[PDB]
Amino acid sequence: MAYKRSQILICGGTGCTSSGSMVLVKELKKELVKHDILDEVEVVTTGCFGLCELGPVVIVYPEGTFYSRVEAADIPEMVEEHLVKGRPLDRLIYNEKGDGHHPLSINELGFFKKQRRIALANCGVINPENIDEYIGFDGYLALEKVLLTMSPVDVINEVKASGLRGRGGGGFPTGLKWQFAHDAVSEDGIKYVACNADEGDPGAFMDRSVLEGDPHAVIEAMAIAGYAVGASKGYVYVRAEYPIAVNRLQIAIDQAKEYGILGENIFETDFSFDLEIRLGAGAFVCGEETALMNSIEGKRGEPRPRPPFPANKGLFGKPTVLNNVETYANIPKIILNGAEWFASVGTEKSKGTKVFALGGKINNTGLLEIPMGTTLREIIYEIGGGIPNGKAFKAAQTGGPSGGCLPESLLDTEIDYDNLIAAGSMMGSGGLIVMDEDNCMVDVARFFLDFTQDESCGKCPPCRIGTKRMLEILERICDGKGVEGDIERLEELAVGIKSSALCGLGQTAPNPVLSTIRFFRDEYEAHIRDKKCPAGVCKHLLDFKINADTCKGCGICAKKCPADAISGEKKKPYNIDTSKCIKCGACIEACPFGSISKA
Amino acid sequence: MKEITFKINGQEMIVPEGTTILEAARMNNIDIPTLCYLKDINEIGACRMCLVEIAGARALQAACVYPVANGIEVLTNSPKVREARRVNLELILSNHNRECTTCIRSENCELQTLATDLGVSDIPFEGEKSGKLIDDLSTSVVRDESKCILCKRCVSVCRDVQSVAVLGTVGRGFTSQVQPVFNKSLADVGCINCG
Amino acid sequence: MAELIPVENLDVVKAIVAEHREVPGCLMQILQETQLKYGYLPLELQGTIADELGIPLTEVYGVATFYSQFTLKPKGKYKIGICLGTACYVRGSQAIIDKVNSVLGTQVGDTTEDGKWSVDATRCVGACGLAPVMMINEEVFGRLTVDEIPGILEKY
Ligand SMILES: Cc1cc2nc3c(=O)[nH]c(=O)nc-3n(C[C@H](O)[C@H](O)[C@H](O)COP(=O)(O)O)c2cc1C
Ligand code: SF4
Ligand code: SF4
Ligand code: SF4
Ligand code: SF4
Ligand code: SF4
Ligand code: SF4
Ligand code: FES
Ligand code: FES
Ligand code: FES
Ligand SMILES: [Zn+2]
Numbered sequence: 001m002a003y004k005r006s007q008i009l010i011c012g013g014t015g016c017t018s019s020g021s022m023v024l025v026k027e028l029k030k031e032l033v034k035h036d037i038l039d040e041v042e043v044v045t046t047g048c049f050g051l052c053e054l055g056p057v058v059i060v061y062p063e064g065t066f067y068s069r070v071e072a073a074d075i076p077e078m079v080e081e082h083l084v085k086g087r088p089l090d091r092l093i094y095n096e097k098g099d100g101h102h103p104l105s106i107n108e109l110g111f112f113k114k115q116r117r118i119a120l121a122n123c124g125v126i127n128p129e130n131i132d133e134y135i136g137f138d139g140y141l142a143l144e145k146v147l148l149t150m151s152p153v154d155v156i157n158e159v160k161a162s163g164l165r166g167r168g169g170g171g172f173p174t175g176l177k178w179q180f181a182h183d184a185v186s187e188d189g190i191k192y193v194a195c196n197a198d199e200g201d202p203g204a205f206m207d208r209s210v211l212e213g214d215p216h217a218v219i220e221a222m223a224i225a226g227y228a229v230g231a232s233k234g235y236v237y238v239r240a241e242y243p244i245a246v247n248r249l250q251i252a253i254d255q256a257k258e259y260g261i262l263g264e265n266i267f268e269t270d271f272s273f274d275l276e277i278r279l280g281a282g283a284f285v286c287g288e289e290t291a292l293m294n295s296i297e298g299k300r301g302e303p304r305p306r307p308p309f310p311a312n313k314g315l316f317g318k319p320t321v322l323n324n325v326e327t328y329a330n331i332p333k334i335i336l337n338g339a340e341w342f343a344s345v346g347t348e349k350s351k352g353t354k355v356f357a358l359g360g361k362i363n364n365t366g367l368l369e370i371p372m373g374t375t376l377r378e379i380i381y382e383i384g385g386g387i388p389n390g391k392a393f394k395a396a397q398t399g400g401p402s403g404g405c406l407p408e409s410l411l412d413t414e415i416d417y418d419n420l421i422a423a424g425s426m427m428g429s430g431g432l433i434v435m436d437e438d439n440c441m442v443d444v445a446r447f448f449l450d451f452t453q454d455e456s457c458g459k460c461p462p463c464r465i466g467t468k469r470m471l472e473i474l475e476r477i478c479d480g481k482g483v484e485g486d487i488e489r490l491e492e493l494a495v496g497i498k499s500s501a502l503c504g505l506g507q508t509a510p511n512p513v514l515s516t517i518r519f520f521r522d523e524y525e526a527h528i529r530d531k532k533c534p535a536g537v538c539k540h541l542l543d544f545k546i547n548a549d550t551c552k553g554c555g556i557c558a559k560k561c562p563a564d565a566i567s568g569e570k571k572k573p574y575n576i577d578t579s580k581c582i583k584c585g586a587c588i589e590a591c592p593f594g595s596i597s598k599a
Numbered sequence: 001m002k003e004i005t006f007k008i009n010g011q012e013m014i015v016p017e018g019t020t021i022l023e024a025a026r027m028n029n030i031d032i033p034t035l036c037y038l039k040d041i042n043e044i045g046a047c048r049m050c051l052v053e054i055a056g057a058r059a060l061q062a063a064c065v066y067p068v069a070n071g072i073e074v075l076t077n078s079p080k081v082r083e084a085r086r087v088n089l090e091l092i093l094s095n096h097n098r099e100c101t102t103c104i105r106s107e108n109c110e111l112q113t114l115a116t117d118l119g120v121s122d123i124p125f126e127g128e129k130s131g132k133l134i135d136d137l138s139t140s141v142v143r144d145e146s147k148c149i150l151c152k153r154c155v156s157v158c159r160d161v162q163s164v165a166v167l168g169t170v171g172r173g174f175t176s177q178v179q180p181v182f183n184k185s186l187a188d189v190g191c192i193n194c195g
Numbered sequence: 001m002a003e004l005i006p007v008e009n010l011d012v013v014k015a016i017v018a019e020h021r022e023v024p025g026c027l028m029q030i031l032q033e034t035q036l037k038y039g040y041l042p043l044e045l046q047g048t049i050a051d052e053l054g055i056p057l058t059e060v061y062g063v064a065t066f067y068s069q070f071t072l073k074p075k076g077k078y079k080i081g082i083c084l085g086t087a088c089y090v091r092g093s094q095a096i097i098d099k100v101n102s103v104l105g106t107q108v109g110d111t112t113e114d115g116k117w118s119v120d121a122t123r124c125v126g127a128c129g130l131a132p133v134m135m136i137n138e139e140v141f142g143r144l145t146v147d148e149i150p151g152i153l154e155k156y
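Protein chains in written order, with the entry's author numbering: chain B, 1 to 599; chain A, 1 to 195; chain C, 1 to 156.
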């Protein structure tokens, strides 16, 4: 390998490519030709760096200088000012405190201080299209130990000693799944495995981050996986609408065939195991364990009732295993550094760290990977940089539609299995969404309730009929046609539906309604009795009032009223007919003085 | 052949493996409701009326296609499972046309028998149904999808026993209707008029 | 972008069917390359597929109508997409929807007569960190507001 004085990494994440990261990479190597330092300066397309708020991200090694909000208007400057002159520019360095101190390392900042990258240890660091960078950074060492010395019996003993439990949302020990696959004996001795990479819940975007960071570690765990249970054939499942990710992953398959890693007679052993891609196109219901089984076989995506388990009957009557990718990622970390390394972090019930993806009104937007046992209060304030613009935090939603809201009374909640279920919510994929006082919490429950109606697979009658029959109760409140006692009609369906569901949506569908009523009962009464939205969001429950002091009385809003509910004389503030307009709101923006407010 | 030992309501049974609790309890003179099931052809259990609680389970399971297992205890007279059956009953009845005076089937409709079977009284609900389209253009069979409650027994029997299978399920949610292909009529496709 | 082959050309269909027979469960994959090569699914085309496979129309038509990523209608030149995820919604994406309906004059899920502006319901492109998110063909605009909507719409 040729020695490089300087090394520069570029973020290839989804958020960075949205801003035009491919334009910058094209321009970055253009100036390397011009200034003739191309053979000394290395440009590498790496994965996401966990902070897409500051995207695109340019870090020059060995300096380790962080650049944020770099755009195409300053391409030739950064080549000359740092790669030639050897000095940084203070204006593009991120400054959390604002006092002029520059962090030397990424973990020195408030965003990365509590971020333990274990599964993401090498993701975002290596070149995924370069097989040499991974093997030079301690890669493919796990296979050389297990294919020569370690028995398939012994490896599942390591997992239950590690105490790993699945982060797919179910909270089940992983090593039991492994033993539930090993004991089953098929007629022809044929075994298959599966891989879940299908994320479709809103706010969850961490699933292909390991795919956009490192395809090599994903397939390496697959060879480990087939070695334990004796699998000769494997499938992996992806979505079609990620066009960048689908191309590069198939390229990494070729290098596995080029060295002989994936296939037959793997590393001069008797182990043979191969992969090829399956092309899904973004069905969130396919993420169910047996809905993906009949999706691949080409039938309707019906979720097959359990039992019989996916463990004993699967592809062509042969045993299979179902799990998501990020739980496969720490498996080489188990064998290289010991199971007690995994057990060194976390509480006594479950061990290790957990990976999340944040969203909502937050100052910094990105990924977050916290060791288990951390309070919720620490998450919003010093990790996310606090609430932007001084707003008032009301409730924080986890798991998207699959979970519930966490109000201000539960900031010292230890986020784990037994506490948040006792708080009536589940983590799922780990999406975190923060709400403030600026939006009404009534109709946002209908927003997650919008998701479940348009995605329901249509088999069980509650997840067909009971869903839309539960919308009209909310919207008649949302337009002011409701009556008292309708919220107690909601509580009739509250326990009926959850005990009467087959599809995985049905158990977890009404829980957003369940979470909010036991804290926010009073604000419904404002919607029901006072007929007023506290946030002024519900369109049919809001009215406009002008202020006499600030209004000029010019009459620009009088031209923009389609229902002509405003009238009067010039040079004086006008009169508003509340019942006559359709509450469209076209008049509030047309005033150049901002004289119209929501009541 | 394998022998399976299980106790229902405290009563121990030895059965051949693969038989389910429905017919085993029918052999023991115990009845479980059914709309979905028919022998040898349709075992999907989408009716969600045949619920029963199984000790050691997270949530409830339908007795129609739940396989038997050794050492399991079954109790069929808890208040919760009765409540579940009743609430599924009014959620079905809020879809399925209520002018059962002028139905053709009239006397021995299964839904009337189940409505009297669970003894439901109150319908507190107002809702919106499927579309009302009369396909009175064929020669023998007229469908009124305003009554159809998505049994999938029709499509199954036309699929396997007939081996004709000119019917399918389309749309999502309320648009999920059983239909012929291309939104045509039965006279416009190759229906055998088997009966 | 390559040309979309007109519907009267049946030889490509049978060539792809003869190519993709041996793999199990080939319905989903064969329908997606027909979507890539033709753009939309008119009735005769999927019927010829049922003739070639020797399997009847019901399951093919059902899986055509089950997934929203498959179309039964010819589509316009340019696609219009608002990220309808929670991260984009919570900033006020309903204002984005209402402004789109106001400027274009057609409701959501309606195709304009020109064959140029065409809108649908895209749930998440995955780039939710730059909310609000607006996608057209392979171009994504982020951290926008209602003000930027006519200027971006008038770019195309
Ligand atoms: C509709 C649906 C979608 C799902 N999607 C996912 C997913 O994207 N990722 C995931 O890990 N689990 C998903 N699950 C849960 C999986 O069934 C399963 O729990 C997971 O693959 C195994 O992890 P566990 O060990 O925690 O159960 C989904 C379930 C349903 C019903
Ligand atoms: S909950 Fe019922 S209707 Fe919804 S997807 Fe599951 S089985 Fe189908
Ligand atoms: S546009 Fe503003 S200043 Fe003019 S009349 Fe209306 S509210 Fe008053
Ligand atoms: S909200 Fe709309 S209809 Fe009502 S007064 Fe204002 S501009 Fe007119
Ligand atoms: S299905 Fe027919 S017979 Fe049964 S209640 Fe309805 S109308 Fe009457
Ligand atoms: S015709 Fe309709 S009501 Fe009768 S079995 Fe078929 S789906 Fe059910
Ligand atoms: S009558 Fe026609 S639709 Fe009915 S089962 Fe016979 S062939 Fe099928
Ligand atoms: S998307 Fe660029 S750092 Fe994450
Ligand atoms: S027949 Fe429907 S639940 Fe068994
Ligand atoms: S939240 Fe999914 S695309 Fe914006
Ligand atoms: Zn409100």
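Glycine included, each C-beta is placed from N, C-alpha and C at the ideal position.
For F451 of chain B, the enclosing alpha helix (DSSP H) has its first and last residue at 443–455. It is roughly 22 Å from the alpha-carbon of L249 of chain B to the alpha-carbon of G25 of chain C.
For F174 of chain A, the neighbours in chain B by C-beta distance under 8 Å run, in chain order, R464, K468. When secondary structure is reduced to three states using DSSP, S162 of chain B falls in the helix class. Any Cβ of chain B closer than 9 Å to the Cβ of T86 of chain C would place that residue at the interface, and such an atom is present.
Boundaries of the beta strand (DSSP E) around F6 of chain A: 3–8. By the criterion of at least three beta-carbon pairs nearer than 8 Å, the segment 235–246 of chain B is not in contact with the segment 460–469 of chain B. Pairing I97 of chain C with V108 of chain C gives a Cβ-Cβ distance under 9 Å. Scanning the segment 370–433 of chain B for uninterrupted beta strand (DSSP E) segments of 3 residues or longer gives 393–398, 405–407, listed from N- to C-terminal end. Here the C-alpha atom of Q29 of chain C lies approximately 30 Å from the C-alpha atom of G169 of chain B. Contact between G385 of chain B and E414 of chain B is absent: CB atoms are separated by about 22 Å, not below the 8 Å threshold. Annotation: Cβ neighbours of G62 of chain C in chain A (cutoff 7 Å, chain order): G168, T169, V170. Not one beta carbon of chain C lies nearer than 9 Å to the beta carbon of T516 of chain B. The nearest non-hydrogen atom of ligand 4 is less than 8 Å from the C-beta of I576 of chain B.
Sequence-distant Cβ neighbours of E264 of chain B in its own chain, meaning closer than 7 Å and more than five residues away, are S272.
Contact between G213 of chain B and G352 of chain B is absent: CB atoms are separated by about 19 Å, not below the 8 Å threshold. Between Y38 of chain C and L72 of chain C, the C-beta spacing is not below 9 Å.
Taking C-beta atoms under 8 Å as the contact rule, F519 of chain B and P407 of chain B qualify, at a distance of about 5 Å. In chain order, the residues positioned with their C-beta nearer than 5 Å to some heavy atom of ligand 8 are B:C11, B:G13, B:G15, B:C16, B:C48, B:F49, B:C52, B:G55, B:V57. For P461 of chain B, at least one C-beta of chain A is nearer than 9 Å to its own C-beta.
As the crow flies, the alpha-carbon of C478 of chain B is around 25 Å from that of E90 of chain A. Membership of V23 of chain B in any beta strand (DSSP E) is not indicated; the residue belongs instead to the alpha helix (DSSP H) covering 21–35. The C-alpha of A231 of chain B lies about 25 Å from the C-alpha of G338 of chain B.
For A217 of chain B, the enclosing alpha helix (DSSP H) stretches over residues 215–229. Rounded to whole angstroms, the gap between the alpha carbons of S18 of chain B and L92 of chain B is 20 Å. Here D201 of chain B is buried, its C-beta having at least 16 other C-beta atoms within 10 Å. When secondary structure is reduced to three states using DSSP, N575 of chain B falls in the strand class. Beta-bridge annotation (DSSP): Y78 of chain C is paired with C:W117. Close partners of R300 of chain B in chain C (Cβ separation under 9 Å): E59, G62, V63, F66.
Take the alpha-carbon of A586 of chain B and the one of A526 of chain B: they are about 26 Å apart.
In this structure, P243 of chain B has its CB at a distance of at least 8 Å from all heavy atoms of ligand 10.
Straight-line measurement puts the Cα of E126 of chain A at about 27 Å from the Cα of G45 of chain A. Nearest to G76 of chain C by alpha-carbon distance, out of C:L27, C:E113, C:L144, is C:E113.
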